[PDB]
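Engineer: Got a structure for you, written out below as structure tokens; questions coming shortly.
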Amino acid sequence: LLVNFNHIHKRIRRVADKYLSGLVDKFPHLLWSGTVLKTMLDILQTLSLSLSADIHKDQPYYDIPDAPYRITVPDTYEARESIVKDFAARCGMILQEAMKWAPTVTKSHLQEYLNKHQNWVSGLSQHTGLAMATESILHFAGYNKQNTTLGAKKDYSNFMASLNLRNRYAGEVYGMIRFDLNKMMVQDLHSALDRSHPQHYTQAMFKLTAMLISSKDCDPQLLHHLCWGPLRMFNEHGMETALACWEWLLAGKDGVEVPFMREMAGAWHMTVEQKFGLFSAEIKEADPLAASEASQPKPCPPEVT
Amino acid sequence: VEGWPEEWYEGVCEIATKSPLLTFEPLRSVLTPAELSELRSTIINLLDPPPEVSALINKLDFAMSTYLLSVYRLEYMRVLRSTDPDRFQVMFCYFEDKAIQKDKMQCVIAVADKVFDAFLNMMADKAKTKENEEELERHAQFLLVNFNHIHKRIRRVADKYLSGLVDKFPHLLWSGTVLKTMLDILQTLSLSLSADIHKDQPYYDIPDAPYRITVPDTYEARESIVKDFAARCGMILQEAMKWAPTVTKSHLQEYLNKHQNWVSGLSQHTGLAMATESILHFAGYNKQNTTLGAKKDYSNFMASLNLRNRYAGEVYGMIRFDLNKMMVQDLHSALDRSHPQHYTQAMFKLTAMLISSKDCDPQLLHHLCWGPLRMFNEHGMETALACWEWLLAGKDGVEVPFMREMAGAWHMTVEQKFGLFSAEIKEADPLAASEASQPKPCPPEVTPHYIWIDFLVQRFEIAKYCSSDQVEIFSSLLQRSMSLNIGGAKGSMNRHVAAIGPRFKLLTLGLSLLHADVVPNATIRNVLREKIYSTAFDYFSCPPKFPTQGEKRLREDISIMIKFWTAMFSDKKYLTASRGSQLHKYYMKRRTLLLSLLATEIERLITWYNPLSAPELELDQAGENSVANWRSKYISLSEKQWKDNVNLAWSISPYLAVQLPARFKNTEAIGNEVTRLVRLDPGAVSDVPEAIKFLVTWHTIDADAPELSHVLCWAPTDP
């Protein structure tokens, strides 16, 4: 329906628009899908490239990458400008609609889309798709944890931090294949955990997940060590690193949700059983009426970050 | 007071240089109306303060007056004859004295303003070396860190000093250290916003700079001060991005690639948010959408950032397991196989390896600069420009060797005639082209020379103020690329129509360099101007023709020509080139002729652009109005003062005189004068397609005077 939205006729595009509106109305979950956005960005880039392509020259047909289809364009410049300007609004509308409800998943998908080698060469040119992606992120953003509940600010550092970490560690782990190797990563992670060093812990975790995301097999031992990592360094920093790694793993590879969910559930049940957090024991304190001894009363509150 | 042996005054200078501060318990406890009146008059004349300060002074006795005079003299002598790098910042030591504050003050800030003005006047013309830039950077950093003082007047006077300093030295805006310091202090304040006010120790330490910051007690004051500070950052950021977006954008990209901030990026980290928010609403248009008549571009930023991080990580991986040989071999293999992806990967890997090292490694730099010359195109040139920008932004103290290598590569390209400096190719005339060699256009193509000149212009704009040696490099590069040999087929540059963009762009860059008032000598400018005029005149020695490129790549050519004409018209800086009148008129005549020719050519090109009126299409109005006014002014010339123009053109070059009537002038005197001149000396011209008709018909039908006719040597012409 998206590829049929730009037909050369008059009523065809109207009926296609009506069908698309109805379909997206009755099935809201299609907004945050991971394939619609890439296709629409690709077709928008194709139209933008076709905007100025020597109208007198023949062959107005074009081929959509990664999808078998074709697009025809009118002859006059005015009609082409009108149709591209008309199409340039639905993209923003559906982007803001998607970002309104579930910002996290669509933000992760947008981050993933901006990490392809083919578009980097042409990024020095217009490449309207990347400009749209990097422009639509800001004015639909929201408040962070610190400034979410106040009575009368905007946050974008997480986006750049995640993107930079992802690209840096992807390159660092891709380098290693030039010169098995899982044993070294496991040993480094164990050494970092034993020495209790946060920087080495984060580096090892990111390197391990970046190695895992680029492979052809599940390698269950790597996933098991990934899920059992933070439980030996219970805190907020390690938990933040683990959440970032889990989000990257979910966004990158496909057909992996079920084993990851099962491993996470097992880790949660183990944490419940060992009473490492909120499920810990209760500690009593001396009452002040008869606390004349050297054991002076003092608060003993559990901490669950 | 100056004015008695000279050594008596001379000795006071070093004593004041080594004297301690006149610091200090009540101030009054420690310490003839005509003399009081005259002392007050002298002090008020020396200071010249606002009237309130004068009224405050009017009620003071003699002791305070002489104390003020003594401290003023001591500080003035100290600042005039000091050598320590902390010259002007010692004055704040007087602002922190509790005894001075408790006394029943504005005189101190007045004398501080006076001494600051004296210091600024001194520094305005000190030198143009790196040390002065470092001192200015340190002073700006000190003024920035003193902007958030706990007192009231201290921050006001600091703000005034900062405003004055940034006003008189605009180049500090795009520096690479001020932005990092201001982001760090902003992050420190944001972190200190909520830090358990009841808990003690309100002090904080600025990273990478030895200083400390104190904060108020109430939350409201802290919020007010942080909100107040949050505006100067945006103001100066937009001011910097307005003028030179490239350098500040590269610095911002470099700042966002540190490992320490990435861990805390999951938190607020206000500095990164400010950096990523201030980039957008001050951005501009790209090359494609820079000249249109009634879009925004950010893909370059993300592409550069992603490539930089990816290749930095990939090259950092290799150190875990010499190595330059492998990189050189890979680059050579990629060049030999002619693969673009491998070429880009090798180039980025090489520059990323080079940026993280401890030695120059001249072979790596030499291979870096000679890379693109073996793959002359636009894609490789774009990759090379990106790599050069990253190298310049990353490492420090490398500008001079890189500039020298780039100049050498440019001269090699000029010598080998690989681009705009290539040879000229002729084509068969259609009148006698019945053979199998049918006529067809053969225009030279110069894509990357159109971008290299832009890069050079950007670098020159950046380096006009700071450095003083790169100007010599640019002067040598411009001097070695031009020659004064206007004539038949020796001008070192192509004369085709499709190659007028880079030519006039380089001419405009040369004129801008001349107007910058950097060369102190009075003879370099003369030679440079002579060469500029020669290479400008050389283009009009060929028969006119029409452009072959499409509708695009034509508007900006007209814009460049209009800009060059405007620059040429504003060249009235003569009478100081040292018999000056001879050279003055010698330049004036050629300037007028060049202006007329440029106006005619621009009119012809704009007429060819769109046949109809086309009110939708439009260009700069001021240039068109000026061209129309000049055409109206020059169209009213009489029969005189125009034959002299023909004589001057003949004195310049016979080819220009022969081609002059081709540029149509609605007057018959031009033809008669050209015929007379060519009859006086026919041997000076041997171009047959146009010059034969000025000699063959001694008389149309009169059939007289059979002498001096030697046509047995002219080249063949059309049947």
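Residues in the structure tokens are numbered from 1 in each chain, the chains being A, B, ... in the order shown, and ligands are numbered from 1 in the order shown.
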Per residue of region 84-168 of chain B within 9 Å of region 44-55 of chain B, note the shortest atom pair and the distance in Å to one decimal, counting only C-alpha atoms, and order the rows by chain and increasing residue number, as a Markdown table.
Structural biologist:
| residue | atom | partner | partner_atom | distance |
| --- | --- | --- | --- | --- |
| B:106 | CA | B:53 | CA | 6.4 |
| B:107 | CA | B:53 | CA | 6.9 |
| B:110 | CA | B:49 | CA | 6.7 |
| B:111 | CA | B:47 | CA | 7.0 |
| B:114 | CA | B:47 | CA | 7.8 |
Engineer: I need the residues in region 81-275 of chain B that are strand (DSSP E) according to DSSP; give them as JSON, numbers by chain.
Structural biologist: {"B": [204, 205, 212, 213]}
Engineer: Once you have the residues from the selection above, write them out as a compact mmCIF listing (two decimals), in the first residue's frame, restricted to C-alpha atoms.
Structural biologist:
# COMPACT_ATOMS: atom_id res chain seq x y z
CA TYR B 204 33.90 22.20 43.21
CA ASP B 205 36.90 21.50 40.99
CA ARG B 212 37.28 26.30 42.01
CA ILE B 213 33.65 27.42 42.05
Engineer: With the cut-off set at 8 Å and counting only C-alpha atoms, tabulate each residue of chain B with an atom at most that distance from an atom of chain A, showing the nearest atom pair and its distance in Å to one decimal, ordered by chain and increasing number, as a Markdown table.
Structural biologist:
| residue | atom | partner | partner_atom | distance |
| --- | --- | --- | --- | --- |
| B:257 | CA | A:164 | CA | 7.3 |
| B:262 | CA | A:161 | CA | 5.3 |
| B:263 | CA | A:161 | CA | 7.9 |
| B:265 | CA | A:161 | CA | 5.4 |
| B:266 | CA | A:158 | CA | 5.1 |
| B:267 | CA | A:158 | CA | 7.4 |
| B:268 | CA | A:157 | CA | 6.9 |
| B:269 | CA | A:157 | CA | 6.8 |
| B:270 | CA | A:157 | CA | 7.7 |
| B:272 | CA | A:157 | CA | 5.5 |
| B:273 | CA | A:157 | CA | 5.0 |
| B:276 | CA | A:156 | CA | 7.1 |
| B:277 | CA | A:156 | CA | 7.7 |
| B:286 | CA | A:126 | CA | 7.5 |
| B:288 | CA | A:126 | CA | 7.7 |
| B:296 | CA | A:131 | CA | 7.8 |
| B:297 | CA | A:131 | CA | 6.0 |
| B:298 | CA | A:131 | CA | 5.3 |
| B:299 | CA | A:131 | CA | 5.1 |
| B:300 | CA | A:124 | CA | 5.0 |
| B:302 | CA | A:123 | CA | 8.0 |
| B:303 | CA | A:120 | CA | 5.1 |
| B:304 | CA | A:120 | CA | 7.8 |
| B:306 | CA | A:167 | CA | 6.6 |
| B:307 | CA | A:120 | CA | 7.2 |
| B:309 | CA | A:168 | CA | 5.3 |
| B:310 | CA | A:171 | CA | 4.9 |
| B:311 | CA | A:171 | CA | 6.6 |
| B:312 | CA | A:168 | CA | 7.3 |
| B:313 | CA | A:172 | CA | 4.5 |
| B:314 | CA | A:171 | CA | 4.6 |
| B:315 | CA | A:175 | CA | 7.3 |
| B:316 | CA | A:172 | CA | 6.9 |
| B:317 | CA | A:172 | CA | 5.2 |
| B:318 | CA | A:175 | CA | 6.7 |
| B:321 | CA | A:179 | CA | 7.8 |
| B:382 | CA | A:124 | CA | 7.7 |
Engineer: Nearest to residue 136 (chain A) among B:108, B:115, B:280, B:195, with distances taken over only C-alpha atoms: which residue is it?
Structural biologist: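 Of all the options, B:280 lies closest to residue 136 (chain A).
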Engineer: Applying 10 Å and only C-alpha atoms, which residues near residue 101 (chain A) remain after dropping the ones on its own chain fewer than 5 positions away? List them as a VMD selection string.
Structural biologist: chain A and resid 31 to 32 96 106
Engineer: Produce a file of the selected residues containing N, CA and C atoms, as a PDB file, in the first residue's frame.
Structural biologist:
ATOM      1  N   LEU A  31       2.832   0.724  13.441  1.00  0.00           N
ATOM      2  CA  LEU A  31       3.557   1.990  13.425  1.00  0.00           C
ATOM      3  C   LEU A  31       5.018   1.806  13.816  1.00  0.00           C
ATOM      4  N   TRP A  32       5.283   1.014  14.856  1.00  0.00           N
ATOM      5  CA  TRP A  32       6.635   0.830  15.370  1.00  0.00           C
ATOM      6  C   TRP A  32       7.310  -0.416  14.807  1.00  0.00           C
ATOM      7  N   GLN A  96       5.636  11.037  14.084  1.00  0.00           N
ATOM      8  CA  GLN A  96       5.221  11.601  15.364  1.00  0.00           C
ATOM      9  C   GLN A  96       4.191  10.708  16.044  1.00  0.00           C
ATOM     10  N   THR A 106      11.089   2.780  18.685  1.00  0.00           N
ATOM     11  CA  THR A 106      11.302   3.518  17.444  1.00  0.00           C
ATOM     12  C   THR A 106      12.627   4.269  17.473  1.00  0.00           C
TER      13      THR A 106
END
Engineer: Would you list the contacts of region 254-265 of chain A as a ChimeraX atom specification, taking every protein, DNA or RNA residue within 7 Å and counting only C-alpha atoms, but skipping same-chain residues closer than 2 positions in sequence?
Structural biologist: /A:224,227,252,267-269
Engineer: Quick one: DSSP helix (DSSP H, G or I) residues in region 9-193 of chain B, as number ranges by chain?
Structural biologist: B: 9-18, 27-30, 33-47, 51-58, 62-81, 88-95, 98-102, 106-123, 130-148, 153-168, 170-172, 178-192
Engineer: Any idea what the distance is between CA of residue 29 (chain A) and CA of residue 97 (chain A)?
Structural biologist: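 About the pair CA of residue 29 (chain A) and CA of residue 97 (chain A): they are 11.1 Å apart.
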Engineer: Nearest to residue 45 (chain A): which of A:239, A:232, A:64, A:294 is it, counting only C-alpha atoms?
Structural biologist: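 Result for the nearest residue to residue 45 (chain A): A:64.
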Engineer: Residues within 12 Å of region 549-558 of chain B, please, as a ChimeraX atom specification. Count only C-alpha atoms; anything in the same chain fewer than 5 positions from it doesn't count.
Structural biologist: /A:52-56 /B:287-293,441-447,450,496-505,563-565,598-599,601-610,617-620,623-624
Engineer: I'd like the contact shell of region 8-15 of chain A - 7 Å cut-off, only C-alpha atoms, skipping same-chain residues fewer than 4 positions apart - returned as a tab-separated table (two decimals) with N, CA and C atoms, in the first residue's frame.
Structural biologist:
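Listing of result.tsv after writing:
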chain	number	residue	atom	x	y	z
A	4	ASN	N	2.20	1.75	-3.51
A	4	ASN	CA	1.15	2.16	-4.43
A	4	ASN	C	0.59	3.54	-4.13
A	19	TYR	N	-7.28	3.17	1.89
A	19	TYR	CA	-7.00	1.83	2.38
A	19	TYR	C	-5.89	1.84	3.43
A	72	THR	N	7.09	5.18	-11.38
A	72	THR	CA	7.05	6.07	-12.52
A	72	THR	C	6.85	7.50	-12.04
Engineer: Can you list, as a VMD selection string, every protein, DNA or RNA residue that comes within 10 Å of residue 81 (chain A) when you count only C-alpha atoms, leaving out same-chain residues fewer than 6 positions away?
Structural biologist: chain A and resid 47 to 48 51 to 52 74 87
Engineer: Generate a file of the selected residues that holds C-alpha atoms, formatted as a short mmCIF file (atom, residue, chain, number, x, y, z; two decimals), in the first residue's frame.
Structural biologist:
data_model
loop_
_atom_site.label_atom_id
_atom_site.label_comp_id
_atom_site.auth_asym_id
_atom_site.auth_seq_id
_atom_site.Cartn_x
_atom_site.Cartn_y
_atom_site.Cartn_z
CA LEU A 47 11.93 10.33 -5.17
CA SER A 48 14.34 13.02 -3.97
CA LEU A 51 13.56 15.17 -8.50
CA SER A 52 16.30 16.46 -10.85
CA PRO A 74 5.59 12.67 -14.34
CA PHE A 87 4.48 12.71 0.20
#
